[PDB]
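One chain comes next, on its own, written as structure tokens: the form deposited in one PDB entry.
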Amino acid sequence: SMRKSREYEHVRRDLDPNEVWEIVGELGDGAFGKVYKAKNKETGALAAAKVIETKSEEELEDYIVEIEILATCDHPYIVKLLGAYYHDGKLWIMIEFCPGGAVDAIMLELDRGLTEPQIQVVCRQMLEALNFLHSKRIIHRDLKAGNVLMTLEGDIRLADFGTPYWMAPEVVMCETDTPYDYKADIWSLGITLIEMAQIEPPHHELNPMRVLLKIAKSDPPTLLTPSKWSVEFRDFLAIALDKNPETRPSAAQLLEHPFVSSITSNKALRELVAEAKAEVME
């Protein structure tokens, strides 16, 4: 047999998105692609929409993988799928708009890194989400501050905009599957905490040519000024930034670590997003 133009479970090809969704503007960009802000026709709910110019039905089948993953990952600390449409020769993906901004953009505008209680909340929530991702046998593979988006309410939304300062050593060294692929996120998480503490990641100052080398041959990175930080934090990094994927701890194991195991309030991150919000206009 052979199938032509299959009907995908979370996609509607029988309806224009412009019936439901009003294009309000361009949400900036990098080298990611073409993303747009949009308003709901019935409710006025804000959302972000990306559009891809798919030539063939073989291409379309590739790009919908992102939709299948987004749909199956319904969790309080992960971007949330609202819908997908395939109209004309354009695939539309939409998720709930995030008005806090990426954690790195927050750091840029304040010209300062996060405080420790700020880092603790991000860490605990990132951990809750990774534990869920690994629950579904899904690996992120590109964790960094730029993929941590913020709401005004105080909670993160984990994203992925699909140079390698956050790459795990076993992945740097690889020349070719393995039972400890999920662990690579845990290295990247650790590098993300240092990025959040010091604005930039380790080895930021080097020729990018040298970065894979440096990561392969160096001892795990540590905080530039340990005295400024808690013992719980330094210890957390030490066991998270383990070069052996086999002895590196799971997301679940770290949740029990005293650096995050008593964090219940999201307050410090509510307070953070507000400062950033207040300095947008002045």
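C-alpha atoms forming the largest set that superposes within 1.5 Å between two forms make up the rigid core. For every residue, the number given is its place in the sequence shown, counted from 1.
One more form of this protein, deposited in another entry, exists but is not displayed; see below.
A.B. asks: If you fit the two forms on their rigid core, which residue out of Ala238, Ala252, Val35, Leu223 shows a CA shift of at least 2 Å between the shown form and the other one?
C.D. replies: The residue that shifts is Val35.
A.B. asks: Core aligned, does the CA of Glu271 move at least 2 Å between the shown form and the other one?
C.D. replies: No, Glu271 moves less than 2 Å.
A.B. asks: Please determine whether the C-alpha atom of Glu22 is displaced by 2 Å or more between the shown form and the other one following superposition on the rigid core.
C.D. replies: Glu22: C-alpha displaced by 2 Å or more between the shown form and the other one.
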